[PDB]
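What follows is one structure encoded as structure tokens, with my remarks underneath.
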Amino acid sequence: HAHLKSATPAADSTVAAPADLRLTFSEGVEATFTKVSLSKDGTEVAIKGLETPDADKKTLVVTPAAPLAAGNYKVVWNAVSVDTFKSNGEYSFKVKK
């Protein structure tokens, strides 16, 4: 099972808007089969297809379709690991103007 070790922006951080979100897991994850829901104050934020840039597939990149405006974001993730276990979790962060 893939478990989330760290993310950028970090959980409970307040940051300038990030270019994308990067979730680093304890096991490789499958970008095709993993799903992420990004929302702000209870409204869906559109994202692109997911990606794992590294050979080991341990960092998942979530790219918003348009730049992130200020406010309170929630990330709900549903990972499929490279050994094909499903796991899920969630966290939040804030974007400042």
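Every chain in the structure tokens has a letter given in the order shown (A, B, ...), and although residue numbers restart at 1 in each chain, ligands are simply numbered from 1 in the order shown.
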DSSP strand (DSSP E) residues within stretch 47-88 of chain A, as a PyMOL selection string | chain A and resi 59-62+71-80+86-88
Residue selection dump (N, CA and C atoms) as a PDB file, in the first residue's frame:
ATOM      1  N   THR A  59       6.753   9.954  -6.809  1.00  0.00           N
ATOM      2  CA  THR A  59       6.159  11.289  -6.724  1.00  0.00           C
ATOM      3  C   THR A  59       5.112  11.482  -7.827  1.00  0.00           C
ATOM      4  N   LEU A  60       3.894  11.788  -7.378  1.00  0.00           N
ATOM      5  CA  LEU A  60       2.744  12.050  -8.225  1.00  0.00           C
ATOM      6  C   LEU A  60       2.582  13.562  -8.396  1.00  0.00           C
ATOM      7  N   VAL A  61       2.487  14.013  -9.652  1.00  0.00           N
ATOM      8  CA  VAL A  61       2.323  15.421  -9.966  1.00  0.00           C
ATOM      9  C   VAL A  61       0.875  15.655 -10.404  1.00  0.00           C
ATOM     10  N   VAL A  62       0.237  16.607  -9.718  1.00  0.00           N
ATOM     11  CA  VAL A  62      -1.135  17.044  -9.953  1.00  0.00           C
ATOM     12  C   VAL A  62      -1.063  18.474 -10.493  1.00  0.00           C
ATOM     13  N   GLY A  71      -6.865  30.784  -1.399  1.00  0.00           N
ATOM     14  CA  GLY A  71      -7.897  30.202  -0.581  1.00  0.00           C
ATOM     15  C   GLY A  71      -7.493  28.855  -0.014  1.00  0.00           C
ATOM     16  N   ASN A  72      -8.510  28.124   0.440  1.00  0.00           N
ATOM     17  CA  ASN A  72      -8.351  26.916   1.237  1.00  0.00           C
ATOM     18  C   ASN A  72      -8.573  25.684   0.358  1.00  0.00           C
ATOM     19  N   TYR A  73      -7.504  24.921   0.103  1.00  0.00           N
ATOM     20  CA  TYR A  73      -7.562  23.775  -0.783  1.00  0.00           C
ATOM     21  C   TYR A  73      -7.601  22.464   0.006  1.00  0.00           C
ATOM     22  N   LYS A  74      -8.322  21.493  -0.556  1.00  0.00           N
ATOM     23  CA  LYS A  74      -8.379  20.134  -0.049  1.00  0.00           C
ATOM     24  C   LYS A  74      -7.959  19.198  -1.182  1.00  0.00           C
ATOM     25  N   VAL A  75      -7.105  18.236  -0.832  1.00  0.00           N
ATOM     26  CA  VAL A  75      -6.611  17.202  -1.729  1.00  0.00           C
ATOM     27  C   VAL A  75      -7.114  15.851  -1.224  1.00  0.00           C
ATOM     28  N   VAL A  76      -7.931  15.172  -2.029  1.00  0.00           N
ATOM     29  CA  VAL A  76      -8.406  13.824  -1.718  1.00  0.00           C
ATOM     30  C   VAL A  76      -7.785  12.889  -2.754  1.00  0.00           C
ATOM     31  N   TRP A  77      -6.969  11.944  -2.291  1.00  0.00           N
ATOM     32  CA  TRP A  77      -6.221  11.091  -3.201  1.00  0.00           C
ATOM     33  C   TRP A  77      -6.618   9.625  -3.002  1.00  0.00           C
ATOM     34  N   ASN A  78      -6.615   8.896  -4.118  1.00  0.00           N
ATOM     35  CA  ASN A  78      -6.957   7.483  -4.183  1.00  0.00           C
ATOM     36  C   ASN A  78      -5.878   6.811  -5.035  1.00  0.00           C
ATOM     37  N   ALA A  79      -4.853   6.239  -4.395  1.00  0.00           N
ATOM     38  CA  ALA A  79      -3.655   5.745  -5.070  1.00  0.00           C
ATOM     39  C   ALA A  79      -3.793   4.258  -5.407  1.00  0.00           C
ATOM     40  N   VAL A  80      -3.218   3.893  -6.553  1.00  0.00           N
ATOM     41  CA  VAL A  80      -2.960   2.513  -6.914  1.00  0.00           C
ATOM     42  C   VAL A  80      -1.441   2.358  -6.984  1.00  0.00           C
ATOM     43  N   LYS A  86      -4.686  -0.605  -3.437  1.00  0.00           N
ATOM     44  CA  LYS A  86      -5.396   0.652  -3.388  1.00  0.00           C
ATOM     45  C   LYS A  86      -5.284   1.232  -1.977  1.00  0.00           C
ATOM     46  N   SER A  87      -5.056   2.544  -1.886  1.00  0.00           N
ATOM     47  CA  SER A  87      -5.076   3.273  -0.639  1.00  0.00           C
ATOM     48  C   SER A  87      -5.677   4.650  -0.902  1.00  0.00           C
ATOM     49  N   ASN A  88      -6.055   5.358   0.157  1.00  0.00           N
ATOM     50  CA  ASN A  88      -6.648   6.671  -0.036  1.00  0.00           C
ATOM     51  C   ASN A  88      -6.413   7.517   1.212  1.00  0.00           C
TER      52      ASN A  88
END
Tell me which protein, DNA and RNA residues are within 10 Å of residue A:30, counting only C-alpha atoms, leaving out same-chain ones fewer than 5 positions away, and put them as number ranges by chain.
-> A: 35, 50-52, 57-58, 60, 79-84
Identify which of the residues A:29, A:70, A:38, A:16 lies closest to residue A:55, counting only C-alpha atoms when measuring atom-to-atom distances.
-> A:29
The distance between atom CA of residue A:7 and atom CA of residue A:67 is 18.1 Å
